[PDB]
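Trainee: This one is final13.cif, mmCIF, C-alpha atoms and all ligand atoms; chains and numbers go by the auth columns.
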data_structure
#
loop_
_atom_site.group_PDB
_atom_site.id
_atom_site.type_symbol
_atom_site.label_atom_id
_atom_site.label_comp_id
_atom_site.label_asym_id
_atom_site.label_seq_id
_atom_site.Cartn_x
_atom_site.Cartn_y
_atom_site.Cartn_z
_atom_site.B_iso_or_equiv
_atom_site.auth_seq_id
_atom_site.auth_asym_id
ATOM 1 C CA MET A 1 108.311 -32.925 -32.896 0.00 1 A
ATOM 2 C CA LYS A 2 110.505 -32.859 -36.006 0.00 2 A
ATOM 3 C CA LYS A 3 110.014 -35.283 -38.892 0.00 3 A
ATOM 4 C CA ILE A 4 113.354 -36.847 -39.816 0.00 4 A
ATOM 5 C CA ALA A 5 114.513 -38.076 -43.225 0.00 5 A
ATOM 6 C CA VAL A 6 117.682 -40.089 -43.863 0.00 6 A
ATOM 7 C CA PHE A 7 119.942 -40.108 -46.928 0.00 7 A
ATOM 8 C CA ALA A 8 122.119 -43.203 -47.330 0.00 8 A
ATOM 9 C CA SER A 9 124.098 -44.333 -50.376 0.00 9 A
ATOM 10 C CA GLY A 10 125.441 -47.670 -49.157 0.00 10 A
ATOM 11 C CA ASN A 11 125.065 -50.121 -46.280 0.00 11 A
ATOM 12 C CA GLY A 12 123.126 -47.636 -44.158 0.00 12 A
ATOM 13 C CA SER A 13 124.537 -48.799 -40.834 0.00 13 A
ATOM 14 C CA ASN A 14 123.891 -45.374 -39.307 0.00 14 A
ATOM 15 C CA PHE A 15 120.301 -45.440 -40.557 0.00 15 A
ATOM 16 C CA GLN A 16 119.832 -48.689 -38.642 0.00 16 A
ATOM 17 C CA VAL A 17 120.774 -46.994 -35.369 0.00 17 A
ATOM 18 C CA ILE A 18 118.728 -43.831 -35.987 0.00 18 A
ATOM 19 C CA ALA A 19 115.557 -45.698 -36.982 0.00 19 A
ATOM 20 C CA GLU A 20 115.674 -47.780 -33.794 0.00 20 A
ATOM 21 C CA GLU A 21 115.673 -44.792 -31.439 0.00 21 A
ATOM 22 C CA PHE A 22 113.963 -42.168 -33.602 0.00 22 A
ATOM 23 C CA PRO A 23 110.815 -42.287 -35.775 0.00 23 A
ATOM 24 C CA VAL A 24 111.938 -41.940 -39.396 0.00 24 A
ATOM 25 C CA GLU A 25 109.484 -40.585 -41.973 0.00 25 A
ATOM 26 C CA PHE A 26 111.395 -42.121 -44.880 0.00 26 A
ATOM 27 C CA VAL A 27 114.874 -43.042 -46.115 0.00 27 A
ATOM 28 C CA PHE A 28 116.326 -42.175 -49.527 0.00 28 A
ATOM 29 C CA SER A 29 119.087 -43.888 -51.498 0.00 29 A
ATOM 30 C CA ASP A 30 120.807 -42.818 -54.718 0.00 30 A
ATOM 31 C CA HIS A 31 121.476 -46.509 -55.363 0.00 31 A
ATOM 32 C CA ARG A 32 118.616 -48.888 -56.165 0.00 32 A
ATOM 33 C CA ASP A 33 120.730 -51.830 -54.989 0.00 33 A
ATOM 34 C CA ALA A 34 122.056 -50.321 -51.753 0.00 34 A
ATOM 35 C CA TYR A 35 121.673 -52.471 -48.641 0.00 35 A
ATOM 36 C CA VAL A 36 120.035 -49.589 -46.760 0.00 36 A
ATOM 37 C CA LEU A 37 116.853 -50.457 -48.667 0.00 37 A
ATOM 38 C CA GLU A 38 116.945 -53.928 -47.108 0.00 38 A
ATOM 39 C CA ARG A 39 117.169 -52.507 -43.587 0.00 39 A
ATOM 40 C CA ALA A 40 114.234 -50.166 -44.200 0.00 40 A
ATOM 41 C CA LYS A 41 112.143 -53.131 -45.344 0.00 41 A
ATOM 42 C CA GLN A 42 112.943 -54.948 -42.097 0.00 42 A
ATOM 43 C CA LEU A 43 112.335 -51.939 -39.846 0.00 43 A
ATOM 44 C CA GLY A 44 109.103 -51.109 -41.660 0.00 44 A
ATOM 45 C CA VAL A 45 110.429 -47.724 -42.753 0.00 45 A
ATOM 46 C CA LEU A 46 109.288 -46.036 -45.972 0.00 46 A
ATOM 47 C CA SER A 47 112.025 -45.962 -48.612 0.00 47 A
ATOM 48 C CA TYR A 48 112.461 -44.098 -51.900 0.00 48 A
ATOM 49 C CA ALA A 49 115.221 -44.692 -54.452 0.00 49 A
ATOM 50 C CA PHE A 50 116.323 -43.147 -57.748 0.00 50 A
ATOM 51 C CA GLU A 51 119.713 -42.688 -59.414 0.00 51 A
ATOM 52 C CA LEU A 52 121.459 -39.756 -61.101 0.00 52 A
ATOM 53 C CA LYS A 53 121.438 -41.676 -64.390 0.00 53 A
ATOM 54 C CA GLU A 54 117.668 -41.222 -64.564 0.00 54 A
ATOM 55 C CA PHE A 55 117.893 -37.428 -64.804 0.00 55 A
ATOM 56 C CA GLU A 56 119.058 -34.812 -67.308 0.00 56 A
ATOM 57 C CA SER A 57 121.107 -32.964 -64.694 0.00 57 A
ATOM 58 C CA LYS A 58 121.894 -32.861 -60.982 0.00 58 A
ATOM 59 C CA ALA A 59 119.457 -29.964 -60.602 0.00 59 A
ATOM 60 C CA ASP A 60 116.550 -32.123 -61.768 0.00 60 A
ATOM 61 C CA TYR A 61 117.843 -34.916 -59.537 0.00 61 A
ATOM 62 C CA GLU A 62 117.777 -32.693 -56.456 0.00 62 A
ATOM 63 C CA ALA A 63 114.469 -31.176 -57.556 0.00 63 A
ATOM 64 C CA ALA A 64 112.869 -34.596 -57.121 0.00 64 A
ATOM 65 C CA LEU A 65 114.433 -34.739 -53.661 0.00 65 A
ATOM 66 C CA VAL A 66 113.032 -31.353 -52.634 0.00 66 A
ATOM 67 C CA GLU A 67 109.532 -32.293 -53.806 0.00 67 A
ATOM 68 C CA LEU A 68 109.865 -35.557 -51.888 0.00 68 A
ATOM 69 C CA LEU A 69 110.960 -33.773 -48.712 0.00 69 A
ATOM 70 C CA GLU A 70 108.229 -31.132 -48.937 0.00 70 A
ATOM 71 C CA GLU A 71 105.589 -33.823 -49.455 0.00 71 A
ATOM 72 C CA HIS A 72 106.451 -35.497 -46.148 0.00 72 A
ATOM 73 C CA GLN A 73 106.897 -32.175 -44.317 0.00 73 A
ATOM 74 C CA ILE A 74 110.506 -33.001 -43.433 0.00 74 A
ATOM 75 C CA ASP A 75 112.003 -30.745 -40.759 0.00 75 A
ATOM 76 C CA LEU A 76 115.457 -32.333 -40.609 0.00 76 A
ATOM 77 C CA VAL A 77 117.555 -34.267 -43.126 0.00 77 A
ATOM 78 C CA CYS A 78 120.204 -36.622 -41.744 0.00 78 A
ATOM 79 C CA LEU A 79 122.987 -37.592 -44.145 0.00 79 A
ATOM 80 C CA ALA A 80 123.956 -41.087 -43.000 0.00 80 A
ATOM 81 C CA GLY A 81 126.495 -42.279 -45.558 0.00 81 A
ATOM 82 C CA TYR A 82 125.378 -40.052 -48.422 0.00 82 A
ATOM 83 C CA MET A 83 128.365 -40.066 -50.777 0.00 83 A
ATOM 84 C CA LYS A 84 127.162 -37.198 -52.965 0.00 84 A
ATOM 85 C CA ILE A 85 127.734 -33.441 -52.799 0.00 85 A
ATOM 86 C CA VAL A 86 124.674 -31.406 -51.823 0.00 86 A
ATOM 87 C CA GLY A 87 124.030 -29.040 -54.727 0.00 87 A
ATOM 88 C CA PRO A 88 122.528 -25.520 -54.624 0.00 88 A
ATOM 89 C CA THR A 89 119.084 -26.862 -55.560 0.00 89 A
ATOM 90 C CA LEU A 90 118.785 -28.830 -52.320 0.00 90 A
ATOM 91 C CA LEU A 91 120.639 -26.210 -50.269 0.00 91 A
ATOM 92 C CA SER A 92 118.214 -23.468 -51.312 0.00 92 A
ATOM 93 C CA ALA A 93 115.338 -25.453 -49.812 0.00 93 A
ATOM 94 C CA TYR A 94 116.912 -26.977 -46.699 0.00 94 A
ATOM 95 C CA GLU A 95 119.672 -24.614 -45.569 0.00 95 A
ATOM 96 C CA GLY A 96 120.383 -25.072 -41.867 0.00 96 A
ATOM 97 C CA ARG A 97 118.129 -28.126 -41.821 0.00 97 A
ATOM 98 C CA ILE A 98 120.649 -30.692 -43.063 0.00 98 A
ATOM 99 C CA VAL A 99 123.093 -32.480 -40.764 0.00 99 A
ATOM 100 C CA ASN A 100 125.920 -34.810 -41.769 0.00 100 A
ATOM 101 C CA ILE A 101 128.238 -37.281 -40.061 0.00 101 A
ATOM 102 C CA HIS A 102 131.884 -37.644 -41.089 0.00 102 A
ATOM 103 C CA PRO A 103 134.376 -40.416 -40.178 0.00 103 A
ATOM 104 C CA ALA A 104 137.129 -37.883 -39.429 0.00 104 A
ATOM 105 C CA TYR A 105 137.883 -35.210 -36.834 0.00 105 A
ATOM 106 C CA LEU A 106 137.129 -32.209 -39.069 0.00 106 A
ATOM 107 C CA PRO A 107 138.713 -30.307 -40.612 0.00 107 A
ATOM 108 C CA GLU A 108 141.236 -33.175 -40.559 0.00 108 A
ATOM 109 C CA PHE A 109 140.938 -35.522 -43.555 0.00 109 A
ATOM 110 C CA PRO A 110 137.756 -34.309 -45.286 0.00 110 A
ATOM 111 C CA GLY A 111 136.248 -36.010 -48.335 0.00 111 A
ATOM 112 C CA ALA A 112 134.746 -39.320 -49.424 0.00 112 A
ATOM 113 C CA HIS A 113 137.418 -41.572 -47.917 0.00 113 A
ATOM 114 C CA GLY A 114 138.417 -39.843 -44.684 0.00 114 A
ATOM 115 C CA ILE A 115 139.217 -43.183 -43.069 0.00 115 A
ATOM 116 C CA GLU A 116 141.789 -44.263 -45.656 0.00 116 A
ATOM 117 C CA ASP A 117 143.314 -40.776 -45.701 0.00 117 A
ATOM 118 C CA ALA A 118 143.872 -40.875 -41.940 0.00 118 A
ATOM 119 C CA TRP A 119 145.121 -44.464 -42.011 0.00 119 A
ATOM 120 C CA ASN A 120 147.624 -43.831 -44.806 0.00 120 A
ATOM 121 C CA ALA A 121 148.853 -40.714 -43.004 0.00 121 A
ATOM 122 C CA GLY A 122 149.820 -42.603 -39.855 0.00 122 A
ATOM 123 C CA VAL A 123 148.179 -40.181 -37.434 0.00 123 A
ATOM 124 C CA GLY A 124 147.820 -41.403 -33.851 0.00 124 A
ATOM 125 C CA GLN A 125 144.202 -40.259 -33.576 0.00 125 A
ATOM 126 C CA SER A 126 141.321 -39.657 -35.983 0.00 126 A
ATOM 127 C CA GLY A 127 137.735 -39.007 -34.919 0.00 127 A
ATOM 128 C CA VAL A 128 134.061 -38.553 -35.770 0.00 128 A
ATOM 129 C CA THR A 129 132.418 -35.246 -36.695 0.00 129 A
ATOM 130 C CA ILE A 130 128.735 -34.326 -36.919 0.00 130 A
ATOM 131 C CA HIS A 131 128.020 -30.947 -38.491 0.00 131 A
ATOM 132 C CA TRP A 132 125.624 -28.836 -40.542 0.00 132 A
ATOM 133 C CA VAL A 133 125.824 -28.720 -44.335 0.00 133 A
ATOM 134 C CA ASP A 134 126.578 -25.555 -46.300 0.00 134 A
ATOM 135 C CA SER A 135 127.923 -24.760 -49.771 0.00 135 A
ATOM 136 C CA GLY A 136 131.432 -25.995 -48.996 0.00 136 A
ATOM 137 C CA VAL A 137 132.605 -29.589 -48.662 0.00 137 A
ATOM 138 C CA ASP A 138 132.590 -30.535 -44.964 0.00 138 A
ATOM 139 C CA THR A 139 132.980 -26.890 -43.932 0.00 139 A
ATOM 140 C CA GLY A 140 129.769 -26.526 -41.935 0.00 140 A
ATOM 141 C CA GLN A 141 129.344 -25.628 -38.271 0.00 141 A
ATOM 142 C CA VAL A 142 130.523 -28.460 -36.023 0.00 142 A
ATOM 143 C CA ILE A 143 127.851 -29.815 -33.678 0.00 143 A
ATOM 144 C CA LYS A 144 129.788 -32.592 -31.936 0.00 144 A
ATOM 145 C CA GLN A 145 133.324 -33.992 -32.135 0.00 145 A
ATOM 146 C CA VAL A 146 135.116 -36.917 -30.495 0.00 146 A
ATOM 147 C CA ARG A 147 138.591 -38.404 -30.921 0.00 147 A
ATOM 148 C CA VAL A 148 139.156 -41.976 -32.103 0.00 148 A
ATOM 149 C CA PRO A 149 142.551 -43.528 -31.231 0.00 149 A
ATOM 150 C CA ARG A 150 144.748 -45.694 -33.463 0.00 150 A
ATOM 151 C CA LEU A 151 146.148 -48.918 -32.007 0.00 151 A
ATOM 152 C CA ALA A 152 149.376 -50.811 -32.695 0.00 152 A
ATOM 153 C CA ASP A 153 147.872 -54.107 -33.857 0.00 153 A
ATOM 154 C CA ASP A 154 145.318 -52.141 -35.873 0.00 154 A
ATOM 155 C CA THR A 155 144.347 -53.296 -39.351 0.00 155 A
ATOM 156 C CA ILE A 156 142.354 -51.096 -41.735 0.00 156 A
ATOM 157 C CA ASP A 157 139.359 -53.255 -40.792 0.00 157 A
ATOM 158 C CA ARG A 158 139.819 -52.943 -37.026 0.00 158 A
ATOM 159 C CA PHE A 159 140.408 -49.194 -37.272 0.00 159 A
ATOM 160 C CA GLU A 160 137.390 -48.588 -39.510 0.00 160 A
ATOM 161 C CA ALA A 161 135.189 -50.577 -37.129 0.00 161 A
ATOM 162 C CA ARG A 162 136.211 -48.390 -34.189 0.00 162 A
ATOM 163 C CA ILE A 163 135.195 -45.241 -36.064 0.00 163 A
ATOM 164 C CA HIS A 164 131.839 -46.692 -37.115 0.00 164 A
ATOM 165 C CA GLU A 165 131.089 -47.761 -33.540 0.00 165 A
ATOM 166 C CA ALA A 166 131.822 -44.196 -32.451 0.00 166 A
ATOM 167 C CA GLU A 167 129.329 -43.070 -35.091 0.00 167 A
ATOM 168 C CA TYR A 168 126.629 -45.404 -33.765 0.00 168 A
ATOM 169 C CA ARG A 169 126.823 -43.830 -30.306 0.00 169 A
ATOM 170 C CA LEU A 170 127.365 -40.204 -31.297 0.00 170 A
ATOM 171 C CA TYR A 171 124.644 -39.839 -33.944 0.00 171 A
ATOM 172 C CA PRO A 172 121.612 -40.672 -31.761 0.00 172 A
ATOM 173 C CA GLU A 173 123.005 -38.456 -28.997 0.00 173 A
ATOM 174 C CA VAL A 174 123.357 -35.441 -31.295 0.00 174 A
ATOM 175 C CA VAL A 175 119.963 -35.977 -32.925 0.00 175 A
ATOM 176 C CA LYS A 176 118.412 -36.355 -29.459 0.00 176 A
ATOM 177 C CA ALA A 177 119.384 -32.754 -28.694 0.00 177 A
ATOM 178 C CA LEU A 178 118.311 -31.438 -32.101 0.00 178 A
ATOM 179 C CA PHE A 179 115.096 -33.469 -32.354 0.00 179 A
ATOM 180 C CA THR A 180 113.427 -31.225 -29.779 0.00 180 A
HETATM 181 CL CL CL B . 126.265 -46.251 -42.774 0.00 1 B
HETATM 182 CL CL CL B . 130.690 -43.311 -42.603 0.00 2 B
HETATM 183 CL CL CL B . 131.402 -37.262 -45.602 0.00 3 B
#
Kindly return the structure encoded in the file as structure tokens.
Ligand SMILES: [Cl-]
Ligand SMILES: [Cl-]
Ligand SMILES: [Cl-]

Mentor:
Amino acid sequence: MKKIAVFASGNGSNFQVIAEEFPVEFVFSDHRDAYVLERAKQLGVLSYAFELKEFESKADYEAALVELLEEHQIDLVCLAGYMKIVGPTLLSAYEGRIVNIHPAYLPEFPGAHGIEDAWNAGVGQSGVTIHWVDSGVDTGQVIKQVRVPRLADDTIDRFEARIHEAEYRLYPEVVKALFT
């Protein structure tokens, strides 16, 4: 059985869902004040945290990540709200072992704010994409994709909530197939 690690930069809502249905070795955050650390404390999940400011370069930053992953014998790294590009240091160690979820029907609206990009565009449907991570930005092999509709009386809050709910149901399903 694979040992799973989770990277979350913010609220860590996806981490909450994963940790409830899958045993998580530990969860990392690039923000020492992220709320995902609070959830880990409540779920009894090990949690590490260090910022980019504490390193000379991004290479040294990702070097600490690799050492941390290798120490816990991590077999799969789930990016659940990790708002940072995966550099070559981390890719060289965990190529084809890193999955990521994206609040957009790739390759439509890639980036950090795929929700706002799709909402400002006026497209009738967005989606949720779970894929592998390579050198490119959101250009990995797609594992699972679903469409998320846009309503008439939809605010940016109502629309964002529909995407996140789609993420909470899709992520455990995809991991369930990859976990074993
Ligand atoms: Cl999240
Ligand atoms: Cl997200
Ligand atoms: Cl993303």

Trainee: Check the smallest atom-to-atom distance from each of A:112, A:17, A:98, A:24 to ligand CL 1 (chain B) using all atoms listed in the file, then report the winner.

Mentor: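 For ligand CL 1 (chain B), the nearest of the candidates is A:17.
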
Trainee: Applying the PyMOL selection byres (((not hetatm)) within 8 of (chain B and resi 2)) to the file I just gave you, which residues come out? Please list them as a short mmCIF file (atom, residue, chain, number, x, y, z; two decimals) with C-alpha atoms, keeping the file's coordinate frame.

Mentor:
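File produced: out09.cif:
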data_model
loop_
_atom_site.label_atom_id
_atom_site.label_comp_id
_atom_site.auth_asym_id
_atom_site.auth_seq_id
_atom_site.Cartn_x
_atom_site.Cartn_y
_atom_site.Cartn_z
CA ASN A 14 123.89 -45.37 -39.31
CA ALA A 80 123.96 -41.09 -43.00
CA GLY A 81 126.50 -42.28 -45.56
CA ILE A 101 128.24 -37.28 -40.06
CA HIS A 102 131.88 -37.64 -41.09
CA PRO A 103 134.38 -40.42 -40.18
CA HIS A 164 131.84 -46.69 -37.12
CA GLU A 167 129.33 -43.07 -35.09
#

Trainee: From the list A:69, A:128, A:123, A:27, which residue is nearest ligand CL 3 (chain B) when using only C-alpha atoms and all ligand atoms?

Mentor: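 Checking each of A:69, A:128, A:123, A:27 against ligand CL 3 (chain B), counting only C-alpha atoms and all ligand atoms, the winner is A:128.
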
Trainee: Between CA of residue 159 in chain A and CA of residue 12 in chain A, what is the distance in Å, rounded to a tenth?

Mentor: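 One can read the CA of residue 159 in chain A to CA of residue 12 in chain A distance as 18.7 Å.
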
Trainee: What is the CA of residue 158 in chain A to CA of residue 43 in chain A distance in Å?

Mentor: 27.6 Å

Trainee: Residues picked by the PyMOL selection byres (((chain A and resi 149) around 7) and not hetatm) here, as a VMD selection string?

Mentor: chain A and resid 124 to 126 147 to 148 150 to 151

Trainee: Write the residues of the preceding selection, restricted to C-alpha atoms, as a PDB file, keeping the file's coordinate frame.

Mentor:
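As a result, again01.pdb now contains:
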ATOM      1  CA  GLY A 124     147.820 -41.403 -33.851  1.00  0.00           C
ATOM      2  CA  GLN A 125     144.202 -40.259 -33.576  1.00  0.00           C
ATOM      3  CA  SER A 126     141.321 -39.657 -35.983  1.00  0.00           C
ATOM      4  CA  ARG A 147     138.591 -38.404 -30.921  1.00  0.00           C
ATOM      5  CA  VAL A 148     139.156 -41.976 -32.103  1.00  0.00           C
ATOM      6  CA  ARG A 150     144.748 -45.694 -33.463  1.00  0.00           C
ATOM      7  CA  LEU A 151     146.148 -48.918 -32.007  1.00  0.00           C
TER       8      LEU A 151
END

Trainee: Taking all atoms of range 122-129 of chain A that appear in the file, build a box with edges along x, y and z, extend it by 3 Å on every side, and state its centre and edge lengths in Å to one decimal, as AutoDock Vina command-line options.

Mentor:
--center_x 141.1 --center_y -38.9 --center_z -36.7 --size_x 23.4 --size_y 13.4 --size_z 12.3

Trainee: Can you turn the PyMOL selection byres (((not hetatm)) within 10 of (chain B and resi 3)) into a concrete residue list for this file, as a VMD selection string?

Mentor: chain A and resid 79 to 85 100 to 104 109 to 114 129 to 130 137 to 138

Trainee: Could you tell me which of A:131, A:97, A:72, A:39 comes closest to ligand CL 1 (chain B) if we count all atoms listed in the file?

Mentor: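 Result for the nearest residue to ligand CL 1 (chain B): A:39.
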
Trainee: List the neighbours of residue 179 in chain A out to 9 Å using only C-alpha atoms; skip same-chain residues closer than 5 positions along the sequence, and give me the result as a VMD selection string.

Mentor: chain A and resid 1 to 4 22 76 174

Trainee: Take the residues just selected and output them with C-alpha atoms as a PDB file, in the coordinates of the input.

Mentor:
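Everything below was put into part.pdb:
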ATOM      1  CA  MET A   1     108.311 -32.925 -32.896  1.00  0.00           C
ATOM      2  CA  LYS A   2     110.505 -32.859 -36.006  1.00  0.00           C
ATOM      3  CA  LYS A   3     110.014 -35.283 -38.892  1.00  0.00           C
ATOM      4  CA  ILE A   4     113.354 -36.847 -39.816  1.00  0.00           C
ATOM      5  CA  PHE A  22     113.963 -42.168 -33.602  1.00  0.00           C
ATOM      6  CA  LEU A  76     115.457 -32.333 -40.609  1.00  0.00           C
ATOM      7  CA  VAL A 174     123.357 -35.441 -31.295  1.00  0.00           C
TER       8      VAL A 174
END

Trainee: When you count only C-alpha atoms and all ligand atoms, which of these residues is closest to ligand CL 1 (chain B): A:65, A:46, A:34, A:5?

Mentor: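 Closest to ligand CL 1 (chain B) of all the choices is A:34.
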
Trainee: Work out how far apart CA of residue 171 in chain A and CA of residue 33 in chain A are and give it in Å to one decimal.

Mentor: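 Between CA of residue 171 in chain A and CA of residue 33 in chain A the gap is 24.5 Å.
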
Trainee: Hey, what's within 9 Å of residue 160 in chain A if we count all atoms listed in the file and toss same-chain stuff fewer than 3 positions away? As a ChimeraX atom specification, please?

Mentor: /A:103,115-116,155-157,163-165
